Amino acid sequence: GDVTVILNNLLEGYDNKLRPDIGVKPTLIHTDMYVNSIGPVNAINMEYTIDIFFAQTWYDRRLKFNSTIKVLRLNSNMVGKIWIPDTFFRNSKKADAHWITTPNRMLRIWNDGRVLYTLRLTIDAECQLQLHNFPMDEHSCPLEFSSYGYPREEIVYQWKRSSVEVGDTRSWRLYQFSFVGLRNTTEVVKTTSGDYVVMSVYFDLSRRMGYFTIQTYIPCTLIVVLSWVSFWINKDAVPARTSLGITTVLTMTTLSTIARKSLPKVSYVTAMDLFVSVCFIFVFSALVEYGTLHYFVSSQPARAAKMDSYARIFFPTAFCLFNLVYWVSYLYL
Amino acid sequence: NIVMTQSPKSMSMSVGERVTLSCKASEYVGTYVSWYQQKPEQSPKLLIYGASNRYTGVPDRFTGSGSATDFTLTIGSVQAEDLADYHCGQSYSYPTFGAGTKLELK
Amino acid sequence: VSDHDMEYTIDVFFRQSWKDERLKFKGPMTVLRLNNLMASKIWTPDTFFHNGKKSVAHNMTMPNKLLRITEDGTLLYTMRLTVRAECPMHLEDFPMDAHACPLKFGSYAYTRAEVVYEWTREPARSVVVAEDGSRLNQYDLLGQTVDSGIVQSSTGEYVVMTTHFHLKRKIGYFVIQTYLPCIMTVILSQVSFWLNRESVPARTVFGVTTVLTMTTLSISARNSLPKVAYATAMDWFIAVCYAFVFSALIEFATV
Amino acid sequence: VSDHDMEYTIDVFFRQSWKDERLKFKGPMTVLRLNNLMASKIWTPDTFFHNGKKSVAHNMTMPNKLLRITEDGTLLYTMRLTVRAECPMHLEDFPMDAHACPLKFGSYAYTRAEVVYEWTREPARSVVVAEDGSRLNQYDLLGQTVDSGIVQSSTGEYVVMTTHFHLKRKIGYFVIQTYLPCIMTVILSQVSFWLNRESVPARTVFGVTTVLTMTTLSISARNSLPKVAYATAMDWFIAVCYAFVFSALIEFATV
Amino acid sequence: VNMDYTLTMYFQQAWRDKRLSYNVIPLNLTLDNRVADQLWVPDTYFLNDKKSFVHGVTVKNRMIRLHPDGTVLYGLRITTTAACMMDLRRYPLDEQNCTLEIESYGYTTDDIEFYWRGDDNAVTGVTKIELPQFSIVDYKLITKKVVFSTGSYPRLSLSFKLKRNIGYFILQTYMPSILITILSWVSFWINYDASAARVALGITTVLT
Amino acid sequence: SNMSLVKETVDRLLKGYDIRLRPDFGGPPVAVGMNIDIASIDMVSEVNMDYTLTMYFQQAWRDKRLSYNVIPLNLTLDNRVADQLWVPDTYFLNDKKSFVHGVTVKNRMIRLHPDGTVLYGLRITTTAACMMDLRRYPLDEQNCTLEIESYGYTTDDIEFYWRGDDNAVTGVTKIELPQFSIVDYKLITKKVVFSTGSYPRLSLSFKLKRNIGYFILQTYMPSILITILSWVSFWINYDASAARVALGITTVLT
Ligand SMILES: *[C@@H]1O[C@H](CO)[C@@H](O[C@@H]2O[C@H](CO)[C@@H](O[C@@H]3O[C@H](CO[C@H]4O[C@H](CO[C@H]5O[C@H](CO)[C@@H](O)[C@H](O)[C@@H]5O[C@H]5O[C@H](CO)[C@@H](O)[C@H](O)[C@@H]5O)[C@@H](O)[C@H](O[C@H]5O[C@H](CO)[C@@H](O)[C@H](O)[C@@H]5O)[C@@H]4O)[C@@H](O)[C@H](O[C@H]4O[C@H](CO)[C@@H](O)[C@H](O)[C@@H]4O[C@H]4O[C@H](CO)[C@@H](O)[C@H](O)[C@@H]4O[C@H]4O[C@H](CO)[C@@H](O)[C@H](O)[C@@H]4O)[C@@H]3O)[C@H](O)[C@H]2NC(C)=O)[C@H](O)[C@H]1NC(C)=O
Ligand SMILES: *[C@@H]1O[C@H](CO)[C@@H](O[C@@H]2O[C@H](CO)[C@@H](O[C@@H]3O[C@H](CO)[C@@H](O)[C@H](O)[C@@H]3O)[C@H](O)[C@H]2NC(C)=O)[C@H](O)[C@H]1NC(C)=O
Ligand SMILES: *[C@H]1O[C@H](CO)[C@@H](O[C@@H]2O[C@H](CO)[C@@H](O[C@@H]3O[C@H](CO)[C@@H](O)[C@H](O)[C@@H]3O)[C@H](O)[C@H]2NC(C)=O)[C@H](O)[C@H]1NC(C)=O
Ligand SMILES: *[C@H]1O[C@H](CO)[C@@H](O[C@@H]2O[C@H](CO)[C@@H](O[C@@H]3O[C@H](CO)[C@@H](O)[C@H](O)[C@@H]3O)[C@H](O)[C@H]2NC(C)=O)[C@H](O)[C@H]1NC(C)=O
Ligand SMILES: *[C@@H]1O[C@H](CO)[C@@H](O[C@@H]2O[C@H](CO)[C@@H](O)[C@H](O)[C@H]2NC(C)=O)[C@H](O)[C@H]1NC(C)=O
Ligand SMILES: CN1C(=O)CN=C(c2ccccc2)c2cc(Cl)ccc21
Ligand SMILES: CN1C(=O)CN=C(c2ccccc2)c2cc(Cl)ccc21
Ligand SMILES: *[C@@H]1O[C@H](CO)[C@@H](O)[C@H](O)[C@H]1NC(C)=O
Ligand SMILES: *[C@@H]1O[C@H](CO)[C@@H](O)[C@H](O)[C@H]1NC(C)=O
């Protein structure tokens with residue numbers, strides 16, 4: 001037909017090793033993204049998954065034809081026969097394209113030489129999460145890309161006005177986080193090979209405290225109230241109060257240990273370590289208070305009579321004041 | 001055997017007024033419901049193939065609305081050429097049609 | 001079905017058929033059942049799965065593909081491949097929930113005015129699941145459901161063929177894991193009310209032991225389901241059982 | 001050395017030399033030290049590992065292969081590769097057992113009348129292990145042992161080159177993990193013999209908590225090694241210690 | 001937990017190609033394993049596998065061998081993870097049949113015919129297999145024809161019945177539970193006045 | 001034009017180019033200079049005894065066959081020409097699984113200079129292996145290294161060095177490990193001797209010092225607290241036997 005002769009005439013004397021305007025001007029590349037989904041943001045490896053439809057557009061004066069058809073719409077068969085920019089994601093730990101059932105790529109060449117190249121990617125990008133204020137934290141961690149071999153004087157990238165489009169935002173794999181918005185950025189970075197134009201997309205995420213609540217905040221508080229119930233028990237039943245206190249200590253330790261396996265091996269104190277630490281301290285103080293009570297009923301009874309009645313009102317007020325100050329101080333930040 | 005129940009069994013209508021026809025399926029038919037028009041002493045003509053897609057040669061006043069079980073066919077500016085019978089038929093399974101609605105003028 | 005990843009696996013023979021008038025012939029055979037290396041020399045549609053995550057196409061021992069060319073130009077092209085697709089789940093009624101896991105496929109690079117898809121048989125009879133084809137341990141496949149539609153992208157409109165598999169979760173594991181131990185622990189807490197009032201450490205260790213096992217039960221029961229940020233049915237059951245055990249211990253304290 | 005998979009890993013420079021009379025040359029150099037792409041254009045032997053599981057031939061940053069052709073036709077062909085081989089172990093004397101993990105290689109498809117193998121130096125000096133090359137945490141490599149033999153399969157008679165690496169397990173981990181907690185639990189059970197019989201709950205909670213600790217130690221200790229059907233020496237130690245703890249509780253019951 | 005078994009095998013196929021027939025030389029030809037990319041080899045596949053590969057160390061572990069009459073022998077060394085669904089209602093006192101299904105993909109029964117070379121001694125090396133948990137009691141070879149919507153295809157089936165051992169499960173679960181159940185009987189030998197002792201003993205056994 | 005000139009230059013450079021032979025195949029060895037730009041150090045595993053690092057690994061040498069004088073600019077070529085040129089067979093001795101990234105194309109760079117200097121960069125994610133001495137865990141420091149060697153070419157065929165000799169490895173002060181902290185790093189040049197010849201080797205060694213902030217709040221504080229909660233039984237009189245025994249045994253259980 002006519003498309004066969006056009007495609008055969010475009011590829012004669014064509015060199016896919018040389019970018020368009022190899023010694024004239026840098027190539028301008030317009031980039032678009034479509035985030036299909038932002039996958040699970042696991043903090044252990046400090047990474048997150050994302051699925052995008054990456055679209056690039058540029059001008060190639062060698063792929064210019066005169067015909068009655070305006071656009072050649074092609075498969076991935078001709079992607080490896082023309083010049084394709086070497087875009088790579090700078091903060092990706094692992095990234096792969098899609099090849100089932102046929103390489104998920106698209107090439108469209110226009111009447112004036114404008115090439116549009118789209119492909120589907122799944123990226124496992126990297127972002128250091130400052131995991132203070134956990135689990136009441138908010139992050140904004142990027143997806144950056146640039147050319148690998150062509151510096152600023154050879155390839156220039158540029159967003160469009162309708163650059164990044166998210167999908168439905170409800171079919172996404174964000175369990176513990178919530179998408180709030182995005183913003184694009186362009187910059188130039190100095191590298192050992194040259195100056196490169198780098199483009200960034202920052203996704204803003206906020207952690208919803210709905211899993212950590214029913215996992216740790218409710219049970220640890222319940223175990224604290226469990227340690228509280230020892231004060232209303234008679235002061236003569238010594239094995240009862242000792243066993244209650246020390247088994248409550250057991251429950252606190254087990255819950256603390258099983259609760260710390262969500263977050264990574266960070267060395268600073270979070271807003272979750274402080275809570276379970278203070279709960280352990282409270283249980284420790286209740287047991288040591290009963291210990292001093294049992295010593296003081298034998299040493300001098302005038303001091304140990306009204307100590308338990310004081311504890312019955314001092315422990316819940318201290319814990320409630322701690323909760324108020326903690327929650328306001330960590331929700332103001 | 002998916003049964004299609006079409007309503008109403010008979011209707012009357014004047015010129016230049018909006019009209020709505022409904023088709024209801026017993027089982028699930030995804031978007032494979034089609035609307036045919038049949039004038040007297042003529043063969044049926046496909047108006048809407050699939051749920052909400054006009055056939056080639058159909059005016060822009062017919063429009064369909066689809067769901068899993070409930071389907072609608074609405075005509076806008078009705079002229080004097082819409083005096084015919086209208087059948088809805090499913091194609092998710094072996095095809096079964098509706099009873100039809102005969103539009104008349106009064 | 002991997003609930004922790006919101007995904008499922010499915011092994012399929014994926015068959016496509018179209019008509020190419022450039023591959024007409026006239027020979028002694030009426031159908032050429034060719035190799036899987038002839039399908040690379042001809043045009044084949046670039047079907048991709050809209051919700052597929054990381055699918056595999058088997059290559060053992062030869063590429064598991066099939067190409068047949070009939071004399072009038074129709075081509076049948078079959079592949080064997082393992083789709084790993086995404087199933088978004090609403091785990092509010094866990095573990096008494098039902099799902100409809102989708103499988104959307106369409107054409108990459110070819111819009112609706114270029115390549116359209118259709119089922120080769122009646123839509124109710126096109127997606128066929130085998131009888132012995134079920135590696136499900138936790139769910140129960142109830143049936144299939146196909147549909148066809150159009151997606152509106154930045155590059156045009158594309159035909160999308162949808163297939164929903166309806167699943168129902170089996171409660172038999174979660175009963176024995178959580179709902180029967182919770183009931184037995186609540187009964188173990190309630191047996192403390194029959195001991196005499198002169199045995200204070202006995203009823204004390206009863207109450208506190210039941211609270212400890214309820215805590216270990218709730219942690220062991222939450223780790224199966226993924227880390228969702230809402231409350232399921234099992235969470236409400238564990239919450240009410242914990243309330244009952246804690247209320248038993250506070251009642252002992254008051255007594 | 002993975003004990004649960006009954007396998008081990010090794011990283012080797014594998015060198016093969018042979019003589020091809022078709023590759024004689026005469027030039028200003030006496031040895032051509034060529035690339036790793038000339039080796040794919042000549043005949044190289046098809047050596048495989050008889051007991052390999054999943055081996056890798058490294059190709060970072062280029063294929064780690066070496067080809068040297070000498071002017072009389074002698075070729076030296078070297079590869080860098082990681083072999084994951086099978087080591088069938090008998091764990092009767094676990095964790096005081098010594099193994100001889102094998103590594104057998106030979107030719108695929110070339111029988112004894114076509115291709116025969118040989119060590120290039122004296123057999124005691126052919127398989128050479130580096131000094132700093134030991135990623136063993138749990139074992140101790142004592143020495144090596146090579147051998148040569150002839151296997152017979154359904155395709156003919158083949159030459160097989162065998163290497164044995166002699167390993168001796170280190171007990172210092174299992175001591176602190178299992179043997180010392182068991183002795184501590186037994187002594188803590190025997191502490192109860194010095195309490196006065198007027199304290200019945202004291203000796204009761206002693207006995208039952210040491211039995212609980214022995215149960216936890218037994219379950220937590222049997223997961224290290226694979227799921228063998230015979231008894232090991234740690235199983236005998238745990239059984240006798242459990243018998244002693246249970247016997248202490250039964251003696252308390254009798255008293 | 002994954003409902004699968006990995007097996008390594010030397011899998012050999014033999015057919016006759018009248019185009020690869022020679023008579024000038026009298027010996028059999030073992031060629032380099034890269035000439036199998038220029039011959040026709042059947043498109044055999046395993047229906048029930050999940051992951052498979054040909055070993056590629058130090059080269060691609062495959063064998064080609066010609067014969068002067070036309071016969072081609074073609075062997076591969078394959079490690080495959082085949083999927084067998086197990087019925088665990090009698091675990092661990094159970095016996096499971098795990099089967100490798102061997103089928104032809106492209107060619108129907110009017111283009112290809114499958115058979116075991118020997119029909120009972122075609123599969124060797126089963127009695128020398130030692131598993132840590134199971135024990136191969138019996139194996140069977142089955143020839144078959146399956147029918148799909150595209151045609152009728154030949155199929156071979158190699159099914160192994162695996163019986164599970166019990167001694168590990170005895171010493172791991174059955175003996176501790178029985179010992180705790182005997183230990184929980186000492187609560188009656190203690191007199192019924194001492195309450196804390198009997199509660200601690202019974203509760204501890206239940207928790208254990 | 002300029003595109004035609006560059007096209008004829010690249011077509012002349014690649015016509016009659018023998019990829020089997022290194023530059024100066026009979027003469028002196030070729031000198032290859034290394035740069036490493038460390039993007040991240042992913043996961044330092046003590047159980048697997050390895051670590052993972054992403055790097056921008058660049059090699060620079062001089063090939064007189066790829067010399068041109070008609071155009072005054074440097075030529076960045078599509079990465080597919082790296083399969084038609086000679087590149088050194090550099091390998092890492094202590095790696096376990098490595099790969100070059102492949103999105104959207106193979107992440108590598110090939111640049112020609114008019115004097116013959118070839119610049120060849122790769123983006124690698126290496127899982128290198130290092131044995132750790134955990135006798136002072138978690139108060140320990142680990143020297144973990146990446147060994148860089150030439151496989152086929154001996155020291156009289158190739159020669160390695162660091163490009164800059166102190167600033168050849170960058171991006172080490174920006175590495176954020178969650179559990180360690182880089183205190184120092186060193187670059188080493190030497191030669192190793194195998195039974196096949198003598199080979200050049202470079203070594204990039206990092207000292208990783210482990211923090212204590214997690215281990216304190218996870219192991220050291222609880223154990224001390226539980227010991228105090230075992231001490232509290234001394235303040236209980238010797239009459240109540242059940243209380244003191246339950247307290248001691250449950251501190252042991254904790
Ligand atoms: C260390 O060693 C490693 C092991 O060797 C090595 O890895 C290998 O790297 C190379 C180079 O990077 C890979 O080669 C390329 O693979 C591309 C596709 O890749 C992905 O897919 C492969 C499997 O390859 C199959 O599937 C695709 C898609 O269907 C097919 O197109 C392929 O032909 C191939 O198909 C066969 O197998 C299928 C089953 O799998 C069958 O179904 C099918 O029928 C075929 O039998 C995967 O293995 C890859 O996984 C890897 O890499 C990613 C990277 O991120 C990793 O993440 C992942 O974990 C894996 O490691 C990945 O999934 C091919 O497209 C490509 O072919 C092109 O380009 C070259 C160079 O120009 C051409 O010479 C070649 O002809 C190919 O070109 C054509 O086709 C493209 C299609 O896009 C057109 O655009 C182009 O115009 C051209 O068309 C021409 O020819 C057509 C016919 O072919 C014709 O129709 C047209 O008209 C036109 O004429 C190339 O093969 C190789 O796959 C890797 N292998 C493995 C096992 O990883 C590693 O790099 C080494 N490292 C170092 C440092 O040395
Ligand atoms: C899936 O299986 C097929 C067939 O088993 C594999 O294809 C084989 O791929 C190799 C690699 O390209 C081919 O080798 C080549 O031959 C060409 C000449 O055509 C030569 O120029 C190349 O340098 C290379 O040597 C081989 O011929 C081909 N075999 C067949 C029968 O087509 C395919 O690679 C497998 N894919 C995976 C991911 O395992
Ligand atoms: C494990 O399970 C498989 C799967 O069912 C069992 O295979 C079955 O084996 C029997 C006996 O070989 C086959 O029956 C035969 O049918 C033919 C019909 O042509 C008949 O001529 C024979 O007299 C015999 O009845 C049966 O086809 C086969 N089932 C399938 C689907 O392959 C196997 O026996 C089980 N046990 C073991 C130890 O493997
Ligand atoms: C971590 O460990 C490595 C390996 O043990 C240390 O590398 C060693 O570095 C020292 C000094 O930097 C080198 O020793 C020197 O040898 C030269 C000649 O060989 C001599 O002139 C000097 O007096 C000195 O003795 C040694 O070559 C090198 N060892 C190896 C085998 O590479 C490294 O310094 C350690 N620290 C860090 C943080 O890198
Ligand atoms: C993405 O980038 C583009 C340009 O880089 C941003 O566009 C501009 O929007 C402002 C108003 O919000 C206009 O005044 C500018 O003229 C626009 N730029 C151009 C080049 O037209 C766009 O807002 C960015 N999207 C974000 C940050 O979400
Ligand atoms: C192991 N452990 C306990 O035993 C309970 N108390 C501790 C602790 C208690 C007081 C001060 C510091 C640390 C604690 C804190 C966390 Cl964030 C995780 C596990 C954990
Ligand atoms: C609406 N939309 C887009 O605009 C991005 N590209 C399309 C598309 C792109 C190429 C072929 C078919 C469809 C797409 C694909 C999915 Cl799986 C979800 C949303 C979506
Ligand atoms: C070729 O092989 C057949 C059987 O595999 C054998 O009978 C014959 O002797 C062989 N030919 C020679 C020349 O050894
Ligand atoms: C080529 O690269 C060299 C090395 O940095 C540089 O000095 C020179 O200016 C570059 N040439 C051009 C034309 O940019």
# chains A, B, ... in the order shown; residues from 1 in each chain; ligands from 1
>>> interface_residues(of="chain C", to="chain B", cutoff="9 Å", atoms="only C-alpha atoms", output="list in words")
residues 122, 123, 124, 125, 145, 146, 147, 148 and 149 of chain C
>>> closest_atom_pairs(of="chain D", to="chain E", cutoff="7 Å", atoms="only C-alpha atoms", output="Markdown table")
| residue | atom | partner | partner_atom | distance |
| --- | --- | --- | --- | --- |
| D:46 | CA | E:59 | CA | 5.9 |
| D:47 | CA | E:58 | CA | 5.7 |
| D:48 | CA | E:58 | CA | 5.5 |
| D:55 | CA | E:57 | CA | 6.3 |
| D:56 | CA | E:57 | CA | 6.7 |
| D:57 | CA | E:57 | CA | 6.6 |
| D:108 | CA | E:63 | CA | 6.8 |
| D:109 | CA | E:63 | CA | 5.4 |
| D:200 | CA | E:197 | CA | 6.5 |
| D:201 | CA | E:197 | CA | 4.4 |
| D:204 | CA | E:197 | CA | 5.7 |
| D:205 | CA | E:200 | CA | 6.3 |
| D:208 | CA | E:201 | CA | 6.1 |
| D:212 | CA | E:208 | CA | 6.1 |
| D:215 | CA | E:176 | CA | 6.7 |
| D:219 | CA | E:172 | CA | 6.5 |
| D:227 | CA | E:133 | CA | 6.1 |
| D:228 | CA | E:132 | CA | 5.0 |
| D:229 | CA | E:168 | CA | 4.8 |
| D:230 | CA | E:167 | CA | 6.4 |
| D:253 | CA | E:186 | CA | 6.8 |
>>> residues_around(residues="residue 154 in chain A", least_positions_apart="6", cutoff="8 Å", atoms="only C-alpha atoms", output="MDAnalysis selection string")
chainID A and resid 22 25:27
>>> write_last_selection(atoms="N, CA and C atoms", output="tab-separated table (two decimals), in the first residue's frame")
chain	number	residue	atom	x	y	z
A	22	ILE	N	21.58	17.14	15.84
A	22	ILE	CA	22.75	16.64	16.55
A	22	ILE	C	23.84	17.70	16.73
A	25	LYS	N	20.85	22.39	17.77
A	25	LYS	CA	20.16	22.86	18.96
A	25	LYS	C	19.82	21.64	19.80
A	26	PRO	N	19.52	21.82	21.09
A	26	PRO	CA	19.04	20.69	21.88
A	26	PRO	C	17.64	20.28	21.45
A	27	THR	N	17.30	19.03	21.74
A	27	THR	CA	15.99	18.51	21.40
A	27	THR	C	15.04	18.79	22.55
>>> residues_near_ligand(ligand="ligand 7", cutoff="7 Å", atoms="only C-alpha atoms and all ligand atoms", output="list in words")
residues 34, 36, 53 and 167 of chain A; 50, 51, 106, 107, 108, 109, 151, 152, 153, 154 and 158 of chain C
>>> residues_near_ligand(ligand="ligand 5", cutoff="7 Å", atoms="only C-alpha atoms and all ligand atoms", output="list in words")
residues 159, 160, 161, 163, 182, 183, 184 and 185 of chain A
>>> write_last_selection(atoms="C-alpha atoms", output="tab-separated table (two decimals), in the first residue's frame")
chain	number	residue	atom	x	y	z
A	159	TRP	CA	6.06	19.60	31.02
A	160	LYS	CA	2.85	20.32	29.16
A	161	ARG	CA	-0.01	22.33	30.64
A	163	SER	CA	1.11	17.14	32.35
A	182	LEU	CA	0.77	16.57	43.55
A	183	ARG	CA	3.13	19.15	42.12
A	184	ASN	CA	5.65	19.08	39.27
A	185	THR	CA	9.20	20.43	39.29
>>> residues_near_ligand(ligand="ligand 2", cutoff="6 Å", atoms="only C-alpha atoms and all ligand atoms", output="PDB file with N, CA, C and O atoms, in the first residue's frame")
ATOM      1  N   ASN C  59       7.233 -20.334  28.185  1.00  0.00           N
ATOM      2  CA  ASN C  59       8.242 -20.558  27.162  1.00  0.00           C
ATOM      3  C   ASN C  59       8.837 -21.949  27.295  1.00  0.00           C
ATOM      4  O   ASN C  59       9.982 -22.180  26.905  1.00  0.00           O
ATOM      5  N   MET C  62       9.039 -25.024  24.283  1.00  0.00           N
ATOM      6  CA  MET C  62       8.954 -24.067  23.199  1.00  0.00           C
ATOM      7  C   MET C  62       7.981 -22.969  23.605  1.00  0.00           C
ATOM      8  O   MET C  62       7.285 -23.118  24.613  1.00  0.00           O
ATOM      9  N   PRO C  63       7.974 -21.817  22.921  1.00  0.00           N
ATOM     10  CA  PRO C  63       6.948 -20.796  23.203  1.00  0.00           C
ATOM     11  C   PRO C  63       5.539 -21.339  23.028  1.00  0.00           C
ATOM     12  O   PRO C  63       5.160 -21.798  21.950  1.00  0.00           O
TER      13      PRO C  63
ATOM     14  N   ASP E  37      18.347 -24.859  17.613  1.00  0.00           N
ATOM     15  CA  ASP E  37      17.597 -23.664  17.254  1.00  0.00           C
ATOM     16  C   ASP E  37      17.379 -23.555  15.755  1.00  0.00           C
ATOM     17  O   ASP E  37      16.735 -22.605  15.303  1.00  0.00           O
TER      18      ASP E  37
END
>>> decode(residues="range 116-127 of chain C", atoms="N, CA, C and O atoms", output="compact mmCIF listing (two decimals), in the first residue's frame")
# COMPACT_ATOMS: atom_id res chain seq x y z
N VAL C 116 -11.27 -3.22 16.85
CA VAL C 116 -12.34 -3.48 17.80
C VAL C 116 -12.28 -4.95 18.19
O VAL C 116 -11.85 -5.81 17.42
N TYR C 117 -12.68 -5.22 19.43
CA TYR C 117 -12.71 -6.57 19.96
C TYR C 117 -14.15 -7.03 20.12
O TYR C 117 -15.08 -6.22 20.24
N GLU C 118 -14.33 -8.34 20.13
CA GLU C 118 -15.65 -8.94 20.29
C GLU C 118 -15.43 -10.37 20.74
O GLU C 118 -14.35 -10.94 20.55
N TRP C 119 -16.44 -10.94 21.39
CA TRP C 119 -16.36 -12.32 21.82
C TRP C 119 -16.67 -13.24 20.65
O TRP C 119 -17.53 -12.93 19.82
N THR C 120 -15.97 -14.37 20.57
CA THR C 120 -16.12 -15.24 19.41
C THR C 120 -17.40 -16.07 19.47
O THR C 120 -17.95 -16.43 18.42
N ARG C 121 -17.88 -16.37 20.67
CA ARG C 121 -19.15 -17.05 20.88
C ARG C 121 -20.07 -16.08 21.60
O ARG C 121 -19.72 -14.90 21.76
N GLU C 122 -21.24 -16.57 21.98
CA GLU C 122 -22.16 -15.83 22.84
C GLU C 122 -21.43 -15.35 24.10
O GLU C 122 -20.62 -16.12 24.65
N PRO C 123 -21.60 -14.09 24.50
CA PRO C 123 -20.89 -13.55 25.68
C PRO C 123 -21.02 -14.36 26.96
O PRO C 123 -20.08 -14.41 27.75
N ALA C 124 -22.15 -15.04 27.17
CA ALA C 124 -22.27 -15.91 28.33
C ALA C 124 -21.43 -17.18 28.19
O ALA C 124 -21.16 -17.84 29.20
N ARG C 125 -21.03 -17.53 26.97
CA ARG C 125 -20.31 -18.77 26.71
C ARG C 125 -18.89 -18.55 26.21
O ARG C 125 -18.27 -19.50 25.72
N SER C 126 -18.35 -17.34 26.31
CA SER C 126 -17.03 -17.09 25.76
C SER C 126 -15.91 -17.34 26.76
O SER C 126 -14.96 -18.07 26.45
N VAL C 127 -16.00 -16.77 27.95
CA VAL C 127 -15.04 -17.10 29.00
C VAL C 127 -15.48 -18.40 29.65
O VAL C 127 -16.56 -18.47 30.25
